[PDB]
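Student: Following this: a sequence and the matching experimental structure.
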Amino acid sequence: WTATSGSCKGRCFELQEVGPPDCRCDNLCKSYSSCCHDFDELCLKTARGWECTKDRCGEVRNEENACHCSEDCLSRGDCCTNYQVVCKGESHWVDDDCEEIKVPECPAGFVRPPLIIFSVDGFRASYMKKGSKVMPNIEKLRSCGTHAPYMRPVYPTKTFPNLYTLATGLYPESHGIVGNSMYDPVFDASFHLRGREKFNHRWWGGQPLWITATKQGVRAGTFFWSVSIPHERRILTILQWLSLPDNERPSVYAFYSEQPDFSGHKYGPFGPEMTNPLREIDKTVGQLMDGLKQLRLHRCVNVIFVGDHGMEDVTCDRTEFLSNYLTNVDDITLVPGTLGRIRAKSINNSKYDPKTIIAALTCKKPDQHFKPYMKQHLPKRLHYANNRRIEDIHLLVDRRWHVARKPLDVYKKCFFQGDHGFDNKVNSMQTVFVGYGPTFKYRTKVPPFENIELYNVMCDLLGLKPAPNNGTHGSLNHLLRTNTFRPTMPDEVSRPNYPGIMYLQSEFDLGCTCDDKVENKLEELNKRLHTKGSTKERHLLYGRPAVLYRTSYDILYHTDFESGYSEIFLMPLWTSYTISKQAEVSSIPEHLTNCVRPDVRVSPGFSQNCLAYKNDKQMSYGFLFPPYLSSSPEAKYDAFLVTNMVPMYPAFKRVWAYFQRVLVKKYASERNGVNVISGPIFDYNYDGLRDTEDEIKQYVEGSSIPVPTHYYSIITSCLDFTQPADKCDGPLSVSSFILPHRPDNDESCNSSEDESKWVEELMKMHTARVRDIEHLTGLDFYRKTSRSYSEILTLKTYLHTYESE
Ligand SMILES: *[C@@H]1O[C@H](CO)[C@@H](O[C@@H]2O[C@H](CO)[C@@H](O[C@@H]3O[C@H](CO[C@H]4O[C@H](CO)[C@@H](O)[C@H](O[C@H]5O[C@H](CO)[C@@H](O)[C@H](O)[C@@H]5O[C@H]5O[C@H](CO)[C@@H](O)[C@H](O)[C@@H]5O)[C@@H]4O)[C@@H](O)[C@H](O[C@H]4O[C@H](CO)[C@@H](O)[C@H](O)[C@@H]4O[C@H]4O[C@H](CO)[C@@H](O)[C@H](O)[C@@H]4O)[C@@H]3O)[C@H](O)[C@H]2NC(C)=O)[C@H](O)[C@H]1NC(C)=O
Ligand SMILES: O=S(=O)(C1COC1)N1Cc2cnc(N[C@@H]3Cc4ccc(Cl)cc4C3)nc2C1
Ligand SMILES: [Ca+2]
Ligand SMILES: [Ca+2]
Ligand SMILES: [K+]
Ligand code: NA
Ligand SMILES: [Zn+2]
């Protein structure tokens, strides 16, 4: 209930939301049907439109007009944005030459440059090039400021998850806005686009920028605008807030456009009808910049132009129906469209079985346009599992497609030609970033980056300490002229042991055999030097990884590789090796097929054993350093040490063996040598973070050998590929992956074919950032380069996407 009998007199677009039943005058009052009776009359004036004309110049102030052309308007802060152009012979901002802004040029009383976030819904990355002729204001921000070729959204590539990620720096699984539609089984409540439940604060986790600002004494504009407030009025309201007295005036503001998303759904991303929306957005940017120039704030404010996601061609005819796969379609609830989430229609149905649903949806039709996953098996780069609002069963939909439960869902609700929500590495889902202002750089291109990083930078621009988030603070320092954030590397928590030879062969009763009984002072000395780390400079190029948790581990040196061996997990945390462009691939000799050799540096009590692998009829083993890449027949014996062995399902070994035998040498050929760091990951609770020992759900039968959920590799080389990986003077190039350790290849519909037809496709889907592996292992990589730490942070956030242009 609202007493709408109150008045908005002297309250229009007030910043402090007032308490029901009192009537509101803020920019969301319409959304809550709570505005005072006179809001439209006082706060949404339209008379004489949005532009001064020569006949209005010097007019007698008429308070009814939407904006003013009277002499007093600049001091009132309510001129039409084109006032000085029409009435004082000034130029539009877009017609002025670009001039570097080295320092804020602000009016007296400004304590810091304001930040204006100009957010555009559905603004696909390629609009910056394809629409450039019709967006001159945006093209000037882009060319004169700091821009990325694109910005990667989060998954799912929907509006509410991406706008709230921009606000918080958090993954959707952590902020809790995991889609535009959600069911929370703890609240027993549903969140939708239409309706009131979404205004309840219990959905919205973490700490958004406006709260971070307000808590630290920095005043914020209200970020959210009711849809019926015209864009011109949003701009004029921002410009009026910027004219408030110093003690009252916000430092951070947001503009929001529903375009071009609204039109993109109707017409497709490049429908001819898409030209006019882009022109209108460009005109709005023009109104803001002219308005700032009028207030002498155009060389004072930092402007961010940013999108939430792109837009793909999607039509009604490209829908997959679960009714064509499931017998039982009436016993499920589907969250549909460009992703699928499945749960039981009733928690009272004891016959509901997720296993039988996954199997009925797996590789059933030759061109099937979605893939089912239990959420813990989704690519780790999506970070889409650790939330009770994310259903256990997920469908990853192909770009250009929809999934729906039954045909009648599509035509009892064709219309639309565009949609979004797909995997955040798809090119059509990429969006935009431009920064312009005294704190950004001038005429600077930066590499593509993820939208999770922007919260930190917005905090930097405002002198705020960010709330804990998923950005890597410092990784976007290269966007900024000043206010860089200069972090220290984390302290190593556990120092390694460097064991020498301490055990005789006969102390080991592991059930292992090896035909290695094959007997010289020259090469005796060499073997000893290799075990003391004489080659470590060749194989550990960036220092040893730091262990950022309390544990017991050993550094183990070898001719061809170095490892950090966990006495708790009985396997390497990491294995590091360098493969030159010239390296030779060799076989596992027949006499060594089943060879596993005790490591006389490591106690039998801290070793794996072969008898557990023989007893465990599902589990086999593989090696982290590949025997295929040994430098010599003698050095190859090192690769069969029990300390290089890890548990592997036969289905995984198909992938691992092809990687190690074919792909590592391919990458060394293409990249002029590679450095590889490989290892296990344990994430049984799918939270993206290193498991403790007490979280491990599976062991090799009869043993304390824990089974990894995933295997990673980090593959590093010289960005200047004319230099070999091991003699690189400059910046690095990295690609990484986190492969799921699964007992079947059901994820790969073509896994009956030769590994050359499906293994690389799998590894591309499971591409990772080094940062993702850091979270999952508690290791800190690249500790010893001669690069700037911020440059290394940028490298650690890089994702190799494998999308063409
Ligand atoms: C991305 O960045 C984010 C932010 O840094 C990282 O998320 C953090 O991760 C930490 C580890 O998972 C986590 O720390 C826990 O916090 C608990 C206190 O939490 C409340 O308070 C904070 C601070 O204001 C608040 O942010 C939280 O907000 C979450 O929860 C509410 C749910 O009501 C949501 O609205 C909000 O969206 C957010 O949800 C997300 O996080 C929760 C986990 O908190 C998930 O369940 C959700 O799905 C969603 O992902 C909370 O309001 C604290 O109580 C925990 O401490 C227990 O665990 C430690 C382990 O060391 C143990 O030693 C303690 O003794 C304690 O154990 C006791 O409780 C156990 C569980 O009940 C029980 O088993 C024991 O037996 C004991 O009784 C823990 O410290 C931190 O909250 C989140 N923060 C956020 C914002 O998500 C994230 O990891 C990053 N991602 C990656 C991949 O790097
Ligand atoms: O319902 S909508 O999804 C959509 C309209 O029809 C579908 N919806 C209405 C609305 C109104 N205002 C805003 N303002 C945005 C929120 C936000 C978050 C982070 C940052 Cl950095 C800036 C901003 C400004 N955003 C929205 C989104
Ligand atoms: Ca959107
Ligand atoms: Ca975990
Ligand atoms: K076995
Ligand atoms: Na398969
Ligand atoms: Zn949309």
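Tutor: Structure received. Numbering: from 1, shown residues only. Ligands and ions are numbered 1, 2, ... in the order given.

Student: from the chain, which residue is nearest to ligand 3?
Tutor: residue 159 (3.0 Å; C-beta to the ion). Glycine gets a C-beta too; all of them are placed from N, C-alpha and C.

Student: what ranges do the strands span in the stretch 401-550 of the chain?
Tutor: 402-404, 418-419, 433-436, 444-445, 449-450, 546-547 (DSSP state E, counting those that start in this stretch).

Student: okay but residue 7 is in contact with residue 36, surely?
Tutor: Yes: with contact defined as C-beta atoms under 8 Å, residue 7 counts as touching residue 36 (5.5 Å).

Student: higher neighbour count, those two?
Tutor: For the pair residue 7 and residue 36, the greater number of neighbours falls to residue 36 (25 against 15), based on other C-beta atoms under 10 Å.

Student: that older thread, what number of residues lie near the residue of the chain closest to ligand 3?
Tutor: Counted with other C-beta under 10 Å, residue 159 comes out at 19.

Student: Relative to residue 179, how far out is it?
Tutor: According to C-beta to C-beta, to the nearest Å, residue 159 and residue 179 sit 10 Å apart.

Student: still on that earlier bit, ok, which of the strands of the stretch 401-550 of the chain comes nearest residue 611?
Tutor: strand 546-547 (29.9 Å; C-beta to C-beta).

Student: Look up which helix or strand whichever residue of the chain sits closest to ligand 2 falls in, please.
Tutor: Minimum separation of the chain from ligand 2 (C-beta to the nearest ligand atom) falls at residue 256, amounting to 3.2 Å. Residue 256 is located in strand 252-260, with elements delineated by DSSP states H and E.

Student: mind listing what residue 233 touches?
Tutor: For residue 233, the contact set (C-beta atoms under 8 Å, 6 or more residues apart in numbering) comprises 44, 66.

Student: what helix or strand does it sit in?
Tutor: Going by DSSP H and E, residue 233 is part of helix 231-241.

Student: who's in contact with residue 552?
Tutor: Applying C-beta under 8 Å, 6+ apart to residue 552 gives the contacts 494, 497, 566, 567, 568.

Student: if I pick the residue of the stretch 251-400 of the chain found nearest ligand 4, what's in contact with it?
Tutor: In the stretch 251-400 of the chain, the residue that lies nearest ligand 4 is residue 386 (8.5 Å; C-beta to the ion). Applying C-beta under 8 Å, 6+ apart to residue 386 gives the contacts 173, 174, 685, 686, 687, 688.

Student: And for the closest residue to the third one other than its chain neighbours, the neighbour number?
Tutor: The one in question is residue 685. The shortest distance from residue 685 to any non-neighbouring residue, by C-beta to C-beta, 6 or more residues apart in numbering, is to residue 695 (5.7 Å). Close neighbours of residue 695, defined as other C-beta under 10 Å, add up to 14.

Student: Kindly confirm whether my reading is correct that residue 695 touches residue 689.
Tutor: No: using C-beta under 8 Å, residue 695 is not in contact with residue 689; the gap is 9.7 Å.

Student: is any part of the host helix or strand of residue 355 close to ligand 6?
Tutor: Using DSSP H and E, residue 355 maps to helix 354-360. No: residues of helix 354-360 are not located near ligand 6 by C-beta under 5 Å from the ion, the shortest gap being 12.4 Å.

Student: now that helix, how far from the chain's geometric center?
Tutor: Distance of helix 354-360 from the chain centroid (C-alpha atoms, centre = their mean, to the nearest Å) equals 29 Å.

Student: Kindly report the same for stretch 387-401.
Tutor: 16 Å.

Student: ok, and for it, which residues are buried?
Tutor: For stretch 387-401, a neighbour-count test (16 or more other C-beta atoms under 10 Å) marks 387, 389-401 as buried.

Student: and what of stretch 530-549?
Tutor: For stretch 530-549, burial by neighbour count (16+ other C-beta under 10 Å) applies to 530-531, 533, 535-536, 538-542, 544-548.

Student: ok, so of those residues, who is nearest residue 282?
Tutor: Of all the buried residues of stretch 530-549, residue 542 has the smallest distance to residue 282: 45.3 Å, by C-beta to C-beta.

Student: Do I have it right that that closest one meets residue 781?
Tutor: Yes: contact criterion C-beta under 8 Å: residue 542 and residue 781 qualify, at 6.7 Å.

Student: thinking again about what came up before, now, which of the contacts of residue 386 lie within helices?
Tutor: Counting by DSSP state H, the part of the contacts of residue 386 found in helices is 173, 174.

Student: Neighbour count and distance to ligand 4 added to the contacts of residue 386, as a markdown table?
Tutor: A markdown table is the format used below for the contacts of residue 386 (neighbours: other C-beta atoms under 10 Å; distance: C-beta to the ion, whole Å):
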| residue | neighbour count | distance to ligand 4 |
| --- | --- | --- |
| 173 | 25 | 12 |
| 174 | 22 | 14 |
| 685 | 15 | 5 |
| 686 | 20 | 7 |
| 687 | 17 | 4 |
| 688 | 19 | 7 |
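
Student: Report the two of the contacts of residue 386 separated the most.
Tutor: Pairwise distances across the contacts of residue 386 peak at 14.0 Å for 174 and 685 (criterion: C-beta to C-beta).

Student: Ligand 6 contacts on the chain?
Tutor: Within the chain, the positions adjacent to ligand 6 are 745, 748, 751 by C-beta under 5 Å from the ion.
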